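Written out below as structure tokens is the structure these notes cover.
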Amino acid sequence: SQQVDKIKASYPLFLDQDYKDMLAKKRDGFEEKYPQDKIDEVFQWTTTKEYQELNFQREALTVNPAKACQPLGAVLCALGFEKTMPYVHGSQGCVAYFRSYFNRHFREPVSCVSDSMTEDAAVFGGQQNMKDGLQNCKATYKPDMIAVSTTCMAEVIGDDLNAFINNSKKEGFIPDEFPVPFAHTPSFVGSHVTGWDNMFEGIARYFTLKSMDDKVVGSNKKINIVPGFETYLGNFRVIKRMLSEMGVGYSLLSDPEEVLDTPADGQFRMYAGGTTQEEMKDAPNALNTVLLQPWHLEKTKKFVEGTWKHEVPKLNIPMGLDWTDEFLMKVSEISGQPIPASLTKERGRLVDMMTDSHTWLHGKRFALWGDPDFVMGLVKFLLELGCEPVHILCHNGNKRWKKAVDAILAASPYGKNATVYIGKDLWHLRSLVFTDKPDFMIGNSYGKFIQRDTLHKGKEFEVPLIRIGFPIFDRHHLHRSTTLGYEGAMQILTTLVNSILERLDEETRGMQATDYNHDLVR
Amino acid sequence: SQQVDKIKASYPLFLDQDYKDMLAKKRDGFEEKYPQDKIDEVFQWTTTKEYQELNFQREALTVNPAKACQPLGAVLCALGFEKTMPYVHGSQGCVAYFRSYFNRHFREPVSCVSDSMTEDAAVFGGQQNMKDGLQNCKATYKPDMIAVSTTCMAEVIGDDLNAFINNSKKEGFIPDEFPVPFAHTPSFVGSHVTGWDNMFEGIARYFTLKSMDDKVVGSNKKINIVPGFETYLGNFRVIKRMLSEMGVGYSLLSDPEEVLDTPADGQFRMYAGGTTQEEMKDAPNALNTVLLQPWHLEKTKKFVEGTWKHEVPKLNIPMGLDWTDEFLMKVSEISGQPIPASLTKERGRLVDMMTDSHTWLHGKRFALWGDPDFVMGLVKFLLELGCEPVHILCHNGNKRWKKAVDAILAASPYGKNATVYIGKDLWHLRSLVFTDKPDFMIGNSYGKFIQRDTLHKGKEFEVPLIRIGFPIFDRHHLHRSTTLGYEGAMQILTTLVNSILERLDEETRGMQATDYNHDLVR
Amino acid sequence: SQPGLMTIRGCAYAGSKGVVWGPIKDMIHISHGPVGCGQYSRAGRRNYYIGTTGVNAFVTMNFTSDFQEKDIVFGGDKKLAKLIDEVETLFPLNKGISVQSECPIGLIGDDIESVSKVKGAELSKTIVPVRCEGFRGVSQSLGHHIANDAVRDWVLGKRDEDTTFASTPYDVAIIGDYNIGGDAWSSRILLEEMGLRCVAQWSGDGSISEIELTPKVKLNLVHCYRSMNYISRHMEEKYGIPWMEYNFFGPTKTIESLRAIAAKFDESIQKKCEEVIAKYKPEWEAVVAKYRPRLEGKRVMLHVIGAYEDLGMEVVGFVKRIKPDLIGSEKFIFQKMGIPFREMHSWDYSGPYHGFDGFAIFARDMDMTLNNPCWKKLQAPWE
Amino acid sequence: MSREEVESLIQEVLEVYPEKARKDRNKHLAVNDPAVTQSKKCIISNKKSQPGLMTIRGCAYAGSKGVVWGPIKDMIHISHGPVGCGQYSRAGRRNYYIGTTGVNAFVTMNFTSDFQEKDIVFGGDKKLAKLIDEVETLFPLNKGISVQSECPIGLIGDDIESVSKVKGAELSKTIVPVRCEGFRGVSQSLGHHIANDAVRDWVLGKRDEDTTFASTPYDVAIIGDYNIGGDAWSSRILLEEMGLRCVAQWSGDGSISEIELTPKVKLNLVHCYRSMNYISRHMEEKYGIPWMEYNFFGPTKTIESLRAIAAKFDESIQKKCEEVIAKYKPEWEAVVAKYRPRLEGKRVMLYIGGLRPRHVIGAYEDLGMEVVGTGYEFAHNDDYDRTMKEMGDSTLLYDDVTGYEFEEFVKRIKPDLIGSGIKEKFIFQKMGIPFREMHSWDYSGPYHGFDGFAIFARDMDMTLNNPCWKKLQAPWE
Ligand code: ICS
Ligand code: ICS
Ligand code: CLF
Ligand code: CLF
Ligand SMILES: [Fe+3]
Ligand SMILES: [Fe+3]
């Protein structure tokens, strides 16, 4: 039943007595449900250390992964180029999923096509699909360039992307001079960030490998910036803003910021902004190339150092205070441009916020997960705040990255209770936050179930989630935030301290029970 | 007792059993406390409509006011001028309180002096205090200007600020040429915004009244901006940024954003930035003057129109979509500068976010309070979002402002259930949110005590507080936020929609009870 | 599909794991293959259910074999067997496992059927291998067919020789309702108020035992015939169970469907149907009286018409000529052109939309979307 | 620094003042000589602030309403006058209490007469009477009302005493007029005195003829603990563990009934001498109740205070005191073991109101830290008499320090840590000197007692050793 003046959505509509009775009748009569005592005892068991030991013995089953597959990152990389259509050679369901994932994170249209490879292609290969798809995509969406990646089906059957595109050009399906860079992006290797790396290396190779004769390092007086897999528009914006304030000529390669943030003015813009083909062609002439997320830009680093002959600096992701300082100082040294007074003042303002919030930040225990570079930058910043990361999870991390993060943790007294986990999922992390409870989690939307589970154990066992990372589906417009530089550090600090203060306010809101500590001033 | 590995602060230390037994013994033995049954009965009675009728019959008692006194606004206005010392003629307790208030809101040093009037001056006046205080302040803190307001003791005694300052100059306590603008700021008239208006009018008069013969309107091709009482640094910053994007010459008179945001670089800067005396002297040469918060800049408006001969445009506070559009169009008309493409795109992105979040925002009920201009801007933006303000409270509002807000509500279908209250305090609003429960409150930190109260009635009756306004004491660095322009509208929208989504996530987190609606995607 | 063109069309895996098998709460569904498909489909559909996630229900979870290169090169059958052992260890209260094949399973020669049979015999568990590799077929429709075939072959006939269930003449089964935002619950309350016993309801809020009990019902009420027409015809042929389509979208469709369903039973059921219609008439009438003025005349670009006409909205069937107020037939592309896009089930954020209770929510959402001021702010005043 | 160096530093700082201000301020700065007993010979206190010098002092209203009367939870305190004073003082002091706010407790609420111009011109006594009626209607469970006068009340000739008498007689309610107008005196100190006199005149003697309270030989009253962050509670649990019955708490978590029961106790344990010595002396001369000063800052002072208090009673209380000390010895010894190595040798400069600048020295020394500078906003010469012995030789003493003076002192002394109020905090954080709020305990605490010592040590360590203090210089500067 519904009152027209106070219409109820599913919650709390299904909490009404009649719906509760109906659901109880369904469960009792036909669901053959386990008794509630059995369910409670099994849940309690899943929160224990013995269950954690069984859980960490897993070698074939993955539960609630913290990663995606390569073509997702390939598509995100392709989106950052001007009038470029991401093109995944393979099966259409993958493209539907990629578009949905990015739509839900960005709340924007996401352009990507497939050549709809099917059983017929599963036998004979995907060459005809490639020819037809390139022709139709160019004719229909009129892109300047088509960036080709693959789904796992095309990788398994071993479709030759180079040969397929060359045959499409030779047979007239697409103009011979039309740019069709490609990358093999197998989903059974690495993760989405590996796909981003592979796609970027493919595009850079396509536009520069054969025309290195006339290239001179430093002749265009610019610094190439490769952002990697990045889902905060504010990070692209802050990098561009800081380089502009410094007076440093730069070339942001793969800039998807505009196309993921088009205005609502009654017109649909398929393409907006993006790195131009001239920029990528001219990239070897840059002074140097800076990789913002080096731990998943290794293939790109190898190509840039070996072919462009750029001395790519050993730089961490510009996250937190020290690493933003190091990034700025390296850029200053490369470009010869001094760090200006505005950036010095911004750094001082971040330090001022740190001093204002240190008492509430100090000693707070965090579980956290995400991509390798983001996770390590967050760990570094948390150490800078006097916080204690305890459970550091990177599902798509590797041994070398774990060793680097362990070195970071050893450099700080605040990392002494921290463990780094690679190849572990969010079910592992659920066990960890039950058995060694942190104060907060930091991660993407998938953490909300863990928090739910912890709350089932008890309000005193609940671990609140702080949403930083990708994807964020259950909040709006957080993709507009910044995590890089002093601005990103300021935003992260504000989020952390105010999450702590909101949790404290909730814990002390009980009239005549805990509200003696419900202070007006914090 | 304390475990050295896990030390507890007051919460939850006083939840330990021994402390609970101690407190129960204290209450039972010596407090002569009313029985808990009687306390529950009276609380429930305070939540009722009969109590609300008694509460709104108050004529002499004010409970939890939502306003401060004039000298606080005078001090804030004085802080916006370069190397200016706020100087409050009167008793020192007022200055101690003002500095503490602004320290807690901004988490920054706040410079202000008193001439420490005591019982001796209560019968003889504070002329000697003025002479000695001006001399001491100039010698010790070396300001370029001393801006004088009054506490209520000086206003009741009837100290003539002009004569006192003139006698201090005539007797050599300060140089004749040293700028000492003054304003009478009686705390028993108006509120803090009135004090800001009086202080600004005093400074502008001091610097322009006697030099008007050589002034020509529009000769410097600039637009004066008077922000009024403003405690979000982002609002100053966004107005400056938007005017600079337009290529519009401007003078922000009373700009305190630098002195309230000094870096932590090992040096204390008592003064930073601020409006120069040259800018104030050249202000009459502007094309026009725009008042950002007209409903408390009436004395300033009268002076600027009657003396500077500036045809001050009838403009609302640039909050939300429509009023930012009107502000930008009026600025474009005055300056002759077109609105640039960047501002058009920013507006389109605000509209896009509105469209993305309208399903969660539409029909949400809000009780809100604050200063007149801020409150009406917030009401306008909520109407633009499809939200329903229900309880609009402005303690320092007046009848004409209420008429304007009623006209705004009548022009929208979403204002039908809205009532505007002027002269009512936060106890009135507590009754309102009990009897006509909104979904949320939008207000300053004092609203937290209302939320606590509502939670005591029950979780289904709790009204969560959204902290927008002044002062915000229980969260960190919210004073850096923005509420003006498209940027401010986007920030407010994000705060509102994510408050709604956070509340929904909290209500649907119950395992096997309400978590059928604990959606990953929102 | 036509290669090189954008579409939101899913694959067979999206039709089998996403639509048919995933909503079954007390089963564990393994996305067999690389990590992508299970992650993108995880909790992506709002198939509402009641349970303790991770203990006795597993819908919002992502179980996967996370195929690496060595799994591709040497096969994943041993990995699948070890995974089933680990599933048994870590989730002892699961009532069955399904193995949803992703693309590589169909191309590397893996035999999930033999592994399913051996492990299911060993553990005395129902392990359902579904060959729903995404490259099969052109959409999710073939995935629906494959998932239905798996239901018939491995689950549906499990109680063929059992006779211990106590049947009543008023036994119905709700098939093909995926309980999007609780739609199936909103239908089930009306059916039970008619005096019917909903013995089986799947996939939405569905349990494996309910699927097993479906062959014991007197009537099969099919909501989504598109995905669940193979199984309904199979049940009619084998067990002699008649099946009919029902439509609870809007008061007119709901009342007609309730009368049609009650016409299949005795006079007592018809009398209760009349009682239910009488009980709910004032509520949907109040909804109409409130919201039809705000929506009368607005055009919808298009189980389709009913609720829209109950609110006075004209339905139509290039977009700059019709000037539609709403598209019912790529949400963000339409949104960028200033046209709201909404659907029949509240896929994204809201619901239920079915039944009398869902009609109020649907009307409120229609008014909120169509009359929101945001749609009127596309043109800047200076442009 | 040697004594001559501190004298030179004082003179160098003083040289920027005009001759009148410099001559005045010279008498309020001193170099400590721990042997000297009469602090008048070296320093001067409780004088008027110099105009325009950015003093840190508050007013009499802050001393009376904000300090003494406001914490009393079951009374309703009216900020009588214009809106400002009550609003700036609302819930800014962490005087913790147990109650149902708005029903039976009212501490964090702001009740005010909100004076307008007509109230100023024609008086506000009728408005006050009407306000009292409205308070009675809307808060029936209040157990009394106080009327804290703000500055205009004493300048417009309002008679709040006559209104208090009439309305209190009519309503059978205790209504306490307090003439704590901000212009009275020179600081919060006279506010303390006025509030104490109001307590004596209107509340304390209410049960003089009532002999129905069952008294015990172990009846004590905690006077002058305002329960900042729970400080008083952390003290109370020790005294109750010692076998004493704490009849009254003044005024943190205080109720009007325990104030009325205070004349029945056997001992008055005064923590803040400065704010409550007046009422303690009055109670001694009227009822014969002895009073003693005690200090629960740090384990050393706490143990000494517990033994000194227990010596006022029979051997059973002394045995229980020894048991309490033995029970808590391992906990604070573990706290010391954890935190003293991280804090040994660090130097502290303090500037707080009336009691803590000398009271917290022992807690700092229990962690291996040395207090090199201390000072008071509003202490009297008797407070400085108790500070010379407690501070190191050739250490800085400053009375009503100006912001400029304290900044210059900190620049030349360079302490590792400063403890002062919210007005100094961000100044000294900007300079990169770790700062701890010594009024609100930086929204932490309690710091009293053994339980409070663990929190205090954790807080001092987390602030002094925070990584942020190593980052104030940019690596390219
Ligand atoms: S199964 Fe089909 S796309 Fe028939 S794949 Fe799809 S829950 Fe749609 S129009 Mo999502 S053929 Fe069902 C459908 Fe209809 S997932 Fe749902 S709404 S009635
Ligand atoms: S009452 Fe005094 S200024 Fe003794 S007015 Fe002040 S809660 Fe201070 S040094 Mo704030 S004489 Fe108490 C004090 Fe000390 S408010 Fe508190 S910390 S121990
Ligand atoms: S059509 Fe369908 S969704 Fe596509 S793969 Fe095939 S079953 Fe799956 Fe999977 S991991 Fe990523 S998303 Fe693919 S490339 Fe492979
Ligand atoms: S010294 Fe003390 S705080 Fe000052 S007024 Fe006097 S009692 Fe009060 Fe009050 S309303 Fe504002 S803050 Fe003053 S100017 Fe008057
Ligand atoms: Fe969007
Ligand atoms: Fe600060």
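Chains: A, B, ... in order of the structure tokens. Residues: from 1 per chain. Ligands: from 1, in order shown.
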Write down as a count of residues only the residues belonging to range 161-285 of chain A that are assigned alpha helix (DSSP H) by DSSP computed on the backbone.
-> 46
Counting only C-alpha atoms, which residues from chain B have an atom at most 6 Å from any atom of chain D, and could you show them as a count of residues only?
-> 39
Please give me, as a list in words, the residues lying within 10 Å of ligand 6 when counting only C-alpha atoms and all ligand atoms.
-> residues 349, 350, 351, 352, 353, 354, 355, 356 and 357 of chain A; 103, 104, 105, 106, 107, 108, 109, 260, 261, 262, 263, 264, 476 and 477 of chain B; 425, 426, 427, 429 and 430 of chain D
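Computed from the coordinates, the CA of residue 487 in chain B to CA of residue 238 in chain B distance equals 7.3 Å.
Closest approach to chain C from the set B:513, B:204, B:478, B:76 is made by B:513, with distances taken over only C-alpha atoms.
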How would you write, as a list in words, the set of residues in range 44-280 of chain A that DSSP gives as strand (DSSP E or B)?
-> residues 62, 63, 81, 84, 85, 86, 87, 88, 89, 113, 114, 145, 146, 147, 148, 149, 150, 182, 223, 224, 225, 226, 250, 251, 252 and 275 of chain A
How about saving the chosen residues, C-alpha atoms kept, as a tab-separated table (two decimals), in the first residue's frame?
chain	number	residue	atom	x	y	z
A	62	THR	CA	39.13	-15.46	-6.63
A	63	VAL	CA	36.36	-13.67	-4.75
A	81	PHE	CA	43.31	11.25	-28.11
A	84	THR	CA	39.75	8.95	-31.62
A	85	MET	CA	37.33	6.03	-31.49
A	86	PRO	CA	38.34	3.19	-29.17
A	87	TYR	CA	37.95	-0.02	-31.17
A	88	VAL	CA	38.06	-3.41	-29.48
A	89	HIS	CA	38.63	-6.28	-31.91
A	113	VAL	CA	32.96	0.15	-30.77
A	114	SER	CA	33.38	-3.56	-31.41
A	145	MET	CA	41.95	7.89	-35.74
A	146	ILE	CA	40.87	4.43	-34.63
A	147	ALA	CA	42.80	2.81	-31.77
A	148	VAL	CA	42.56	-0.98	-31.87
A	149	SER	CA	42.64	-3.27	-28.84
A	150	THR	CA	41.48	-6.86	-28.38
A	182	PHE	CA	46.79	-1.13	-32.38
A	223	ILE	CA	58.14	17.90	-21.42
A	224	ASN	CA	55.96	14.93	-22.30
A	225	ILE	CA	53.52	13.86	-19.58
A	226	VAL	CA	52.11	10.33	-19.69
A	250	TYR	CA	54.36	20.41	-21.81
A	251	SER	CA	52.56	17.81	-23.89
A	252	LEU	CA	49.95	15.74	-22.04
A	275	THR	CA	45.97	14.71	-27.50
Given a cut-off of 6 Å, what residues near ligand 1 show up using only C-alpha atoms and all ligand atoms, put as a VMD selection string?
-> chain C and resid 15 19 140 178 224 226 to 227
Each residue of chain C with at least one atom at most 9 Å from ligand 3 should appear once, together with its nearest atom pair and the corresponding distance in Å (one decimal); atoms considered: only C-alpha atoms and all ligand atoms; ordering: chain, then increasing residue number; output as JSON lines.
{"residue": "C:10", "atom": "CA", "partner": "ligand 3", "partner_atom_place_in_ligand_line": "2 (Fe)", "distance": 7.0}
{"residue": "C:11", "atom": "CA", "partner": "ligand 3", "partner_atom_place_in_ligand_line": "2 (Fe)", "distance": 4.7}
{"residue": "C:12", "atom": "CA", "partner": "ligand 3", "partner_atom_place_in_ligand_line": "2 (Fe)", "distance": 6.3}
{"residue": "C:13", "atom": "CA", "partner": "ligand 3", "partner_atom_place_in_ligand_line": "7 (S)", "distance": 4.9}
{"residue": "C:14", "atom": "CA", "partner": "ligand 3", "partner_atom_place_in_ligand_line": "2 (Fe)", "distance": 6.2}
{"residue": "C:31", "atom": "CA", "partner": "ligand 3", "partner_atom_place_in_ligand_line": "7 (S)", "distance": 8.7}
{"residue": "C:33", "atom": "CA", "partner": "ligand 3", "partner_atom_place_in_ligand_line": "10 (S)", "distance": 7.0}
{"residue": "C:34", "atom": "CA", "partner": "ligand 3", "partner_atom_place_in_ligand_line": "10 (S)", "distance": 4.4}
{"residue": "C:35", "atom": "CA", "partner": "ligand 3", "partner_atom_place_in_ligand_line": "10 (S)", "distance": 5.0}
{"residue": "C:36", "atom": "CA", "partner": "ligand 3", "partner_atom_place_in_ligand_line": "10 (S)", "distance": 3.4}
{"residue": "C:37", "atom": "CA", "partner": "ligand 3", "partner_atom_place_in_ligand_line": "9 (Fe)", "distance": 3.8}
{"residue": "C:38", "atom": "CA", "partner": "ligand 3", "partner_atom_place_in_ligand_line": "9 (Fe)", "distance": 7.4}
{"residue": "C:39", "atom": "CA", "partner": "ligand 3", "partner_atom_place_in_ligand_line": "12 (S)", "distance": 8.3}
{"residue": "C:40", "atom": "CA", "partner": "ligand 3", "partner_atom_place_in_ligand_line": "12 (S)", "distance": 7.1}
{"residue": "C:41", "atom": "CA", "partner": "ligand 3", "partner_atom_place_in_ligand_line": "3 (S)", "distance": 8.2}
{"residue": "C:66", "atom": "CA", "partner": "ligand 3", "partner_atom_place_in_ligand_line": "10 (S)", "distance": 8.5}
{"residue": "C:67", "atom": "CA", "partner": "ligand 3", "partner_atom_place_in_ligand_line": "10 (S)", "distance": 8.5}
{"residue": "C:100", "atom": "CA", "partner": "ligand 3", "partner_atom_place_in_ligand_line": "7 (S)", "distance": 8.6}
{"residue": "C:101", "atom": "CA", "partner": "ligand 3", "partner_atom_place_in_ligand_line": "7 (S)", "distance": 6.9}
{"residue": "C:102", "atom": "CA", "partner": "ligand 3", "partner_atom_place_in_ligand_line": "7 (S)", "distance": 3.8}
{"residue": "C:103", "atom": "CA", "partner": "ligand 3", "partner_atom_place_in_ligand_line": "6 (Fe)", "distance": 4.1}
{"residue": "C:104", "atom": "CA", "partner": "ligand 3", "partner_atom_place_in_ligand_line": "5 (S)", "distance": 7.4}
{"residue": "C:132", "atom": "CA", "partner": "ligand 3", "partner_atom_place_in_ligand_line": "7 (S)", "distance": 7.2}
{"residue": "C:133", "atom": "CA", "partner": "ligand 3", "partner_atom_place_in_ligand_line": "7 (S)", "distance": 5.0}
{"residue": "C:134", "atom": "CA", "partner": "ligand 3", "partner_atom_place_in_ligand_line": "7 (S)", "distance": 3.5}
{"residue": "C:135", "atom": "CA", "partner": "ligand 3", "partner_atom_place_in_ligand_line": "1 (S)", "distance": 5.2}
{"residue": "C:136", "atom": "CA", "partner": "ligand 3", "partner_atom_place_in_ligand_line": "1 (S)", "distance": 8.2}
Report as JSON lines: every residue of chain B with an atom at most 8 Å from chain C, its closest pair of atoms, and their distance in Å to one decimal, counting only C-alpha atoms, with rows sorted by chain and ascending residue number.
{"residue": "B:325", "atom": "CA", "partner": "C:381", "partner_atom": "CA", "distance": 7.1}
{"residue": "B:329", "atom": "CA", "partner": "C:382", "partner_atom": "CA", "distance": 7.3}
{"residue": "B:339", "atom": "CA", "partner": "C:382", "partner_atom": "CA", "distance": 7.9}
{"residue": "B:344", "atom": "CA", "partner": "C:380", "partner_atom": "CA", "distance": 7.2}
{"residue": "B:347", "atom": "CA", "partner": "C:380", "partner_atom": "CA", "distance": 7.7}
{"residue": "B:348", "atom": "CA", "partner": "C:378", "partner_atom": "CA", "distance": 7.2}
{"residue": "B:351", "atom": "CA", "partner": "C:374", "partner_atom": "CA", "distance": 6.5}
{"residue": "B:354", "atom": "CA", "partner": "C:374", "partner_atom": "CA", "distance": 6.1}
{"residue": "B:355", "atom": "CA", "partner": "C:374", "partner_atom": "CA", "distance": 5.6}
{"residue": "B:358", "atom": "CA", "partner": "C:372", "partner_atom": "CA", "distance": 7.3}
{"residue": "B:359", "atom": "CA", "partner": "C:369", "partner_atom": "CA", "distance": 7.0}
{"residue": "B:362", "atom": "CA", "partner": "C:368", "partner_atom": "CA", "distance": 6.5}
{"residue": "B:384", "atom": "CA", "partner": "C:373", "partner_atom": "CA", "distance": 6.3}
{"residue": "B:385", "atom": "CA", "partner": "C:373", "partner_atom": "CA", "distance": 6.9}
{"residue": "B:386", "atom": "CA", "partner": "C:372", "partner_atom": "CA", "distance": 6.3}
{"residue": "B:511", "atom": "CA", "partner": "C:52", "partner_atom": "CA", "distance": 6.2}
{"residue": "B:512", "atom": "CA", "partner": "C:51", "partner_atom": "CA", "distance": 5.0}
{"residue": "B:513", "atom": "CA", "partner": "C:50", "partner_atom": "CA", "distance": 7.8}
{"residue": "B:516", "atom": "CA", "partner": "C:48", "partner_atom": "CA", "distance": 5.7}
{"residue": "B:517", "atom": "CA", "partner": "C:48", "partner_atom": "CA", "distance": 7.5}
{"residue": "B:519", "atom": "CA", "partner": "C:46", "partner_atom": "CA", "distance": 7.3}
{"residue": "B:520", "atom": "CA", "partner": "C:43", "partner_atom": "CA", "distance": 6.4}
{"residue": "B:521", "atom": "CA", "partner": "C:44", "partner_atom": "CA", "distance": 7.2}
{"residue": "B:522", "atom": "CA", "partner": "C:349", "partner_atom": "CA", "distance": 5.8}
Grab me every residue within 9 Å of ligand 2, counting only C-alpha atoms and all ligand atoms, and send it over as JSON, numbers by chain.
-> {"D": [57, 58, 62, 63, 64, 66, 67, 68, 93, 94, 95, 188, 189, 191, 192, 224, 225, 226, 227, 228, 252, 271, 272, 273, 274, 275, 276, 351, 352, 353, 354, 355, 356, 357, 358, 359, 376, 377, 378, 379, 420, 421, 437, 438, 439, 440, 441]}
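Nearest to ligand 4 of all the residues B:71, B:35, B:179, B:29 is B:71, counting only C-alpha atoms and all ligand atoms.
When the distance limit is 10 Å and only C-alpha atoms are what count, the residues near residue 499 in chain A, minus those fewer than 5 positions from it on the same chain, are residues 440, 464, 465, 466, 493, 494, 504 and 505 of chain A; 475 of chain B.
Shortest atom-to-atom contact with chain A among B:125, B:389, B:363, B:370: B:363, counting only C-alpha atoms.
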